[PDB]
file data03.txt (compact mmCIF, C-alpha atoms)
# COMPACT_ATOMS: atom_id res chain seq x y z
CA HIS R 5 67.38 100.79 -109.13
CA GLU R 6 64.69 101.11 -111.79
CA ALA R 7 62.20 102.98 -109.66
CA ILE R 8 62.00 104.85 -106.35
CA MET R 9 59.12 105.20 -104.00
CA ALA R 10 58.70 108.18 -101.66
CA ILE R 11 56.16 108.76 -98.98
CA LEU R 12 53.99 111.88 -99.42
CA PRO R 13 52.69 112.45 -95.91
CA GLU R 14 50.37 115.29 -96.91
CA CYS R 15 48.52 112.89 -99.28
CA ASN R 16 48.71 109.98 -96.89
CA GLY R 17 50.32 108.00 -99.75
CA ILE R 18 53.31 107.34 -101.92
CA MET R 19 54.72 108.48 -105.14
CA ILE R 20 56.85 106.47 -107.40
CA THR R 21 59.20 107.59 -110.09
CA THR R 22 61.57 105.90 -112.60
CA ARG R 23 65.15 106.24 -113.96
CA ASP R 24 63.81 107.28 -117.36
CA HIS R 25 61.57 110.03 -116.03
CA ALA R 26 63.54 113.25 -115.85
CA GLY R 27 60.64 115.44 -114.47
CA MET R 28 60.10 116.97 -111.02
CA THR R 29 57.99 114.86 -108.66
CA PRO R 30 55.67 115.75 -105.83
CA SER R 31 58.48 114.93 -103.36
CA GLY R 32 60.26 118.12 -104.47
CA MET R 33 62.89 116.02 -106.26
CA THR R 34 63.70 114.29 -109.52
CA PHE R 35 64.54 110.57 -109.79
CA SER R 36 68.13 111.65 -109.86
CA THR R 37 68.09 113.69 -106.68
CA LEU R 38 66.14 110.79 -105.03
CA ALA R 39 68.68 108.28 -106.26
CA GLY R 40 71.52 110.34 -104.77
CA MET R 41 69.75 110.57 -101.47
CA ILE R 42 69.30 106.80 -101.05
CA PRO R 49 63.75 106.43 -94.65
CA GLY R 50 60.38 106.84 -96.34
CA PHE R 51 62.32 106.36 -99.62
CA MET R 52 63.01 102.94 -101.23
CA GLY R 53 64.59 101.74 -104.51
CA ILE R 54 62.45 99.06 -106.26
CA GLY R 55 61.80 97.14 -109.44
CA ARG R 56 58.97 98.36 -111.63
CA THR R 57 57.32 94.93 -111.53
CA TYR R 58 57.37 94.94 -107.72
CA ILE R 59 54.38 97.40 -107.89
CA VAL R 60 52.06 94.74 -109.24
CA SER R 61 53.24 91.90 -107.03
CA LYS R 62 50.91 90.36 -104.44
CA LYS R 63 53.23 91.33 -101.63
CA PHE R 64 53.69 95.06 -102.57
CA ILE R 65 53.88 97.11 -99.33
CA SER R 66 51.03 95.01 -98.04
CA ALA R 67 50.99 96.21 -94.43
CA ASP R 68 50.48 99.74 -95.83
CA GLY R 69 47.64 98.64 -98.18
CA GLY R 70 49.60 97.95 -101.30
CA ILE R 71 48.67 99.77 -104.41
CA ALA R 72 45.88 101.71 -102.76
CA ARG R 73 48.61 103.96 -101.28
CA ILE R 74 49.96 105.08 -104.63
CA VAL R 75 48.99 108.72 -105.49
CA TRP R 76 51.38 109.61 -108.25
CA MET R 77 53.42 107.85 -110.94
CA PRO R 78 54.65 109.01 -114.21
CA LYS R 79 52.41 108.37 -117.13
CA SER R 80 54.93 106.09 -118.84
CA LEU R 81 54.96 103.89 -115.67
CA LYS R 82 51.18 103.68 -115.88
CA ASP R 83 51.40 102.57 -119.56
CA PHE R 84 54.09 100.05 -118.84
CA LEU R 85 52.14 98.49 -115.94
CA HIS R 86 48.71 99.17 -117.37
CA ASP R 87 47.02 95.73 -117.76
CA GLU R 88 48.68 94.12 -114.72
CA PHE R 89 47.85 97.23 -112.67
CA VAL R 90 44.15 97.13 -113.74
CA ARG R 91 43.90 93.42 -112.83
CA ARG R 92 45.51 94.03 -109.40
CA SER R 93 43.15 96.93 -108.77
CA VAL R 94 40.22 94.62 -109.43
CA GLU R 95 41.76 91.95 -107.20
CA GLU R 96 42.20 94.42 -104.32
CA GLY R 97 38.67 95.77 -104.58
CA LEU R 98 39.78 99.16 -105.97
CA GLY R 99 38.00 99.07 -109.35
CA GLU R 100 39.26 98.99 -112.94
CA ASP R 101 39.47 102.82 -112.94
CA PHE R 102 41.69 103.14 -109.84
CA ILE R 103 44.65 103.91 -112.08
CA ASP R 104 42.91 107.11 -113.26
CA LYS R 105 42.46 108.13 -109.64
CA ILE R 106 46.29 108.16 -109.40
CA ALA R 107 47.76 111.50 -110.47
CA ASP R 108 50.60 111.80 -112.93
CA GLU R 109 52.56 114.64 -114.54
CA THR R 110 49.60 115.74 -116.70
CA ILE R 111 47.82 116.52 -113.42
CA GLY R 112 50.94 117.98 -111.85
CA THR R 113 54.27 117.55 -110.28
CA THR R 114 53.60 119.03 -106.83
CA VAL R 115 51.43 118.20 -103.80
CA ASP R 116 49.54 121.59 -104.29
CA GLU R 117 48.50 120.59 -107.79
CA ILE R 118 47.57 116.90 -107.14
CA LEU R 119 45.68 117.14 -103.87
CA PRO R 120 42.54 118.67 -105.38
CA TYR R 121 42.51 115.98 -108.06
CA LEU R 122 42.97 113.23 -105.53
CA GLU R 123 40.16 114.74 -103.37
CA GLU R 124 37.96 115.06 -106.44
CA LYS R 125 38.55 111.50 -107.59
CA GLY R 126 37.93 110.13 -104.02
CA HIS R 127 41.40 108.51 -103.85
CA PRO R 128 41.31 105.84 -101.11
CA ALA R 129 44.73 106.84 -99.64
CA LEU R 130 43.24 110.05 -98.31
CA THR R 131 41.11 108.20 -95.81
CA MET R 132 43.19 105.13 -95.05
CA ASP R 133 45.22 104.82 -91.78
CA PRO R 134 48.07 107.32 -91.55
CA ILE R 135 51.10 106.38 -93.60
CA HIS M 5 58.30 124.09 -81.36
CA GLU M 6 58.06 127.52 -82.85
CA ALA M 7 59.48 126.48 -86.18
CA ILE M 8 60.51 123.45 -88.22
CA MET M 9 63.48 123.17 -90.57
CA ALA M 10 63.41 120.75 -93.45
CA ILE M 11 66.04 119.88 -96.06
CA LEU M 12 65.22 120.54 -99.69
CA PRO M 13 67.80 118.28 -101.50
CA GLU M 14 66.87 119.64 -104.95
CA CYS M 15 67.71 123.25 -103.86
CA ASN M 16 70.76 122.19 -101.93
CA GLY M 17 69.27 124.04 -98.95
CA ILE M 18 66.70 124.24 -96.17
CA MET M 19 63.30 125.65 -95.67
CA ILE M 20 61.83 126.73 -92.47
CA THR M 21 58.29 127.20 -91.52
CA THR M 22 56.52 128.39 -88.30
CA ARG M 23 53.75 127.12 -85.91
CA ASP M 24 51.50 129.96 -87.10
CA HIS M 25 51.91 129.67 -90.85
CA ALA M 26 49.05 127.65 -92.40
CA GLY M 27 50.33 127.38 -95.98
CA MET M 28 51.92 124.61 -97.98
CA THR M 29 55.70 124.70 -97.94
CA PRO M 30 58.18 123.48 -100.53
CA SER M 31 58.63 120.22 -98.58
CA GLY M 32 55.12 119.26 -99.91
CA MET M 33 53.84 119.55 -96.31
CA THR M 34 52.32 122.03 -93.88
CA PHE M 35 53.66 122.75 -90.37
CA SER M 36 51.22 120.32 -88.69
CA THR M 37 52.15 117.64 -91.11
CA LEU M 38 55.82 118.36 -90.35
CA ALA M 39 55.11 118.45 -86.63
CA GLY M 40 53.36 115.07 -86.77
CA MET M 41 56.45 113.52 -88.32
CA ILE M 42 59.13 114.76 -85.88
CA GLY M 43 56.98 113.45 -83.00
CA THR M 48 62.91 112.23 -88.56
CA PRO M 49 66.25 112.96 -90.37
CA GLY M 50 66.32 116.17 -92.41
CA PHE M 51 63.71 117.74 -90.10
CA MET M 52 64.30 119.66 -86.91
CA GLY M 53 62.04 121.62 -84.54
CA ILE M 54 63.68 124.88 -83.37
CA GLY M 55 63.07 128.29 -81.81
CA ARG M 56 62.89 131.13 -84.34
CA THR M 57 65.70 133.04 -82.76
CA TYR M 58 67.99 130.00 -83.27
CA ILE M 59 68.14 131.08 -86.92
CA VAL M 60 70.07 134.23 -85.98
CA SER M 61 72.39 132.61 -83.46
CA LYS M 62 76.09 132.41 -84.16
CA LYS M 63 76.07 128.59 -84.26
CA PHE M 64 73.02 128.09 -86.50
CA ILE M 65 73.81 124.84 -88.29
CA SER M 66 77.43 126.01 -88.70
CA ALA M 67 78.87 122.89 -90.38
CA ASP M 68 76.08 123.22 -92.92
CA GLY M 69 76.99 126.96 -93.51
CA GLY M 70 74.46 128.71 -91.37
CA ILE M 71 71.94 131.11 -92.80
CA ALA M 72 73.43 130.75 -96.27
CA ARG M 73 71.55 127.41 -96.52
CA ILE M 74 68.11 128.87 -96.11
CA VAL M 75 66.18 129.07 -99.40
CA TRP M 76 62.68 129.50 -98.16
CA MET M 77 60.85 130.99 -95.19
CA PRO M 78 57.49 132.57 -94.80
CA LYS M 79 57.26 136.31 -95.14
CA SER M 80 56.00 136.65 -91.49
CA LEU M 81 59.18 134.94 -90.25
CA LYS M 82 61.32 137.23 -92.36
CA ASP M 83 59.46 140.22 -90.77
CA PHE M 84 59.93 138.79 -87.26
CA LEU M 85 63.66 138.25 -87.78
CA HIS M 86 64.36 141.10 -90.20
CA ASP M 87 66.84 143.43 -88.40
CA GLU M 88 68.74 140.59 -86.68
CA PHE M 89 68.74 138.56 -89.91
CA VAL M 90 70.11 141.43 -91.99
CA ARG M 91 72.80 142.12 -89.50
CA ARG M 92 73.77 138.35 -89.47
CA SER M 93 73.89 138.39 -93.26
CA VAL M 94 76.42 141.13 -93.26
CA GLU M 95 78.42 139.39 -90.56
CA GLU M 96 78.45 136.18 -92.64
CA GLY M 97 79.63 137.99 -95.81
CA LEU M 98 76.29 137.52 -97.56
CA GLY M 99 75.21 141.21 -97.98
CA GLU M 100 72.23 143.15 -96.48
CA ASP M 101 70.03 141.91 -99.34
CA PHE M 102 70.53 138.15 -98.74
CA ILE M 103 67.10 138.04 -97.12
CA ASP M 104 65.55 138.96 -100.50
CA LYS M 105 67.41 136.19 -102.29
CA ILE M 106 65.49 133.72 -100.03
CA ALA M 107 62.18 132.63 -101.47
CA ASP M 108 58.92 132.90 -99.65
CA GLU M 109 55.22 132.29 -100.41
CA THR M 110 55.03 135.36 -102.64
CA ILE M 111 57.50 133.52 -104.89
CA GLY M 112 55.96 130.01 -104.49
CA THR M 113 55.16 127.18 -102.16
CA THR M 114 56.93 124.46 -104.23
CA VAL M 115 60.43 123.57 -105.42
CA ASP M 116 59.39 124.11 -109.09
CA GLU M 117 58.22 127.70 -108.34
CA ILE M 118 61.20 128.75 -106.24
CA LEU M 119 64.11 127.21 -108.07
CA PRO M 120 64.19 129.68 -110.96
CA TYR M 121 63.98 132.60 -108.49
CA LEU M 122 66.87 131.23 -106.43
CA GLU M 123 68.89 130.65 -109.67
CA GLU M 124 68.10 134.19 -110.98
CA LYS M 125 69.25 135.70 -107.67
CA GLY M 126 72.43 133.64 -107.32
CA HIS M 127 71.34 132.20 -103.97
CA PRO M 128 74.58 130.77 -102.54
CA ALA M 129 73.06 127.43 -101.33
CA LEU M 130 72.90 126.33 -104.92
CA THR M 131 76.69 126.45 -105.28
CA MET M 132 77.68 125.32 -101.74
CA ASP M 133 78.71 121.72 -101.01
CA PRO M 134 75.99 119.05 -100.75
CA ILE M 135 73.56 119.34 -97.89

call {"tool": "encode", "arguments": {"input": "data03.txt", "output": "structure tokens"}}
result
Amino acid sequence: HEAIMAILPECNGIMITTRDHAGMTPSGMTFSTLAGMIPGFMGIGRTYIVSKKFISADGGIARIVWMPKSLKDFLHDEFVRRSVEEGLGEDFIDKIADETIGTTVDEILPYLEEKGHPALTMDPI
Amino acid sequence: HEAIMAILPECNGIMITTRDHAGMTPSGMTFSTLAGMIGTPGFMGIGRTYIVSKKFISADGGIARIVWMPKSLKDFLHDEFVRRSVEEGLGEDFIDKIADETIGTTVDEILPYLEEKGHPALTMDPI
């Protein structure tokens, strides 16, 4: 798998990481530890994130609270368009934390709270 | 439940936290968040004195798996826990090889401490 999603229940959202990102993630694990493990975790294609159908019952992209920065750049223009389609705004992608904000829940929560990230007040995940 | 255990795959070990401890834990969750979930695999609600029983997760290696607990749980269990350490071949000072919130509340913060101290979970078989 190219990418792995993990639920972050404290953020009411998900994180995603990729095979090329060697860094720690807010799940407490690297892509590699996540890959070894695979229930709240799922292997996916990178392009699945910007598909119409992406975790729709959970609110789709509005649930995403962290991705590596290189995943943001890869998806950038599609992701901005989808944000606009879903009513989230062109700048939703900057509401999503990444490794420049931090790699742990402790470090990203305040950012997410400060940016008003919609996951924080959506139905529980 | 008095306490919740959670697996920390990256440390090859478990953490435990308690009903009364408000802080973030290296699972990326607080106790209430953890409680809300197990009302899940890799999480288990337990009594605190289970930790010092003879059978404490024996197939997983018992107390040797624990890499993080809050300082207040260490104080509550201290004498019992030190005695069990000695019985398990881990030394009286095992308890100080375990991280707590003075060392960090995240995997990133505790890993180098556990590595510096030679915490045995890191070299045991996979959890």

call {"tool": "interface_residues", "arguments": {"input": "data03.txt", "of": "chain R", "to": "chain M", "cutoff": "8 Å", "atoms": "all atoms listed in the file", "output": "list in words"}}
result
residues 12, 13, 14, 28, 30, 31, 32, 33, 34, 37, 41, 114, 115 and 116 of chain R

call {"tool": "residues_around", "arguments": {"input": "data03.txt", "residues": "residue 58 in chain M", "least_positions_apart": "5", "cutoff": "12 Å", "atoms": "all atoms listed in the file", "output": "list in words"}}
result
residues 5, 6, 7, 8, 9, 20, 52, 53, 63, 64, 65, 66, 70, 71, 85, 88, 89 and 92 of chain M

call {"tool": "residues_around", "arguments": {"input": "data03.txt", "residues": "range 63-79 of chain R", "least_positions_apart": "2", "cutoff": "8 Å", "atoms": "all atoms listed in the file", "output": "ChimeraX atom specification"}}
result
/R:15-22,25,30,58-61,81-83,93,98,105-110,122,127-129,135

call {"tool": "atom_distance", "arguments": {"input": "data03.txt", "atom1": "CA of residue 96 in chain R", "atom2": "CA of residue 124 in chain R"}}
result
21.2 Å

call {"tool": "closest_residue", "arguments": {"input": "data03.txt", "among": "R:132, R:52, R:94, R:39", "to": "residue 9 in chain R", "atoms": "all atoms listed in the file"}}
result
R:52

call {"tool": "closest_residue", "arguments": {"input": "data03.txt", "among": "M:93, M:120, M:76, M:43", "to": "residue 62 in chain M", "atoms": "only C-alpha atoms"}}
result
M:93
